[PDB]
Amino acid sequence: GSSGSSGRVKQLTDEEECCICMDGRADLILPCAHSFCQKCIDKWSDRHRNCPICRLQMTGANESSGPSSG
Ligand SMILES: [Zn+2]
Ligand SMILES: [Zn+2]
C-alpha cells in the first residue's frame, strides 16, 4: 500500500550496455545488436571483428559456412 523502502522513479539515462556481463555501459556495439565492454572484449583472446554471439549460431537460421581445421 503506502509503504516500501525500494521502488521509486528511476532515470533512464543509460542507453546501452554490454551483453555478456551487462555491467552498466558498453564499450562498443555491433550491427547485429550485440555490445561488449572492454573487460569482456579483452578477456576473449580472439577479439577479431567477428562476433562471438552470432558465431555460435544457436537456433539461428539455415547458414552453411564450414568448420575450421587450423
Ligand atoms: Zn562485458
Ligand atoms: Zn552478433
# chains A, B, ... in the order shown; residues from 1 in each chain; ligands from 1
call {"tool": "select_by_dssp", "arguments": {"residues": "chain A", "states": "strand (DSSP E or B)", "output": "NGL selection string"}}
result
:A and (28-30 or 34-36)
call {"tool": "select_by_dssp", "arguments": {"residues": "chain A", "states": "alpha helix (DSSP H)", "output": "NGL selection string"}}
result
:A and (38-43 or 52-56)
call {"tool": "closest_residue", "arguments": {"among": "A:12, A:56, A:29, A:41", "to": "ligand 1", "atoms": "only C-alpha atoms and all ligand atoms"}}
result
A:41
call {"tool": "atom_distance", "arguments": {"atom1": "CA of residue 28 (chain A)", "atom2": "CA of residue 16 (chain A)"}}
result
9.1 Å
call {"tool": "residues_near_ligand", "arguments": {"ligand": "ligand 2", "cutoff": "6 Å", "atoms": "only C-alpha atoms and all ligand atoms", "output": "ChimeraX atom specification"}}
result
/A:32,34,51,53-54
call {"tool": "atom_distance", "arguments": {"atom1": "CA of residue 43 (chain A)", "atom2": "CA of residue 22 (chain A)"}}
result
14.5 Å
call {"tool": "residues_around", "arguments": {"residues": "residue 37 (chain A)", "least_positions_apart": "4", "cutoff": "8 Å", "atoms": "only C-alpha atoms", "output": "VMD selection string"}}
result
chain A and resid 17 to 18 25 to 28 41
call {"tool": "write_last_selection", "arguments": {"atoms": "C-alpha atoms", "output": "compact mmCIF listing (two decimals), in the first residue's frame"}}
result
# COMPACT_ATOMS: atom_id res chain seq x y z
CA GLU A 17 25.35 -1.87 -22.00
CA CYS A 18 27.46 -4.98 -22.56
CA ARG A 25 27.74 0.53 -20.08
CA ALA A 26 29.07 -0.82 -23.38
CA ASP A 27 32.47 -0.05 -24.90
CA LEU A 28 31.20 -0.77 -28.42
CA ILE A 41 36.36 -7.94 -25.21
call {"tool": "atom_distance", "arguments": {"atom1": "CA of residue 19 (chain A)", "atom2": "CA of residue 38 (chain A)"}}
result
11.8 Å
call {"tool": "closest_residue", "arguments": {"among": "A:7, A:44, A:1, A:67", "to": "residue 20 (chain A)", "atoms": "only C-alpha atoms"}}
result
A:44
call {"tool": "closest_residue", "arguments": {"among": "A:69, A:35, A:3, A:13", "to": "ligand 1", "atoms": "only C-alpha atoms and all ligand atoms"}}
result
A:35
call {"tool": "closest_residue", "arguments": {"among": "A:33, A:39, A:62, A:24", "to": "ligand 1", "atoms": "only C-alpha atoms and all ligand atoms"}}
result
A:39
call {"tool": "closest_residue", "arguments": {"among": "A:31, A:36, A:11, A:5", "to": "ligand 1", "atoms": "only C-alpha atoms and all ligand atoms"}}
result
A:36
call {"tool": "closest_residue", "arguments": {"among": "A:60, A:40, A:48, A:65", "to": "ligand 1", "atoms": "only C-alpha atoms and all ligand atoms"}}
result
A:40
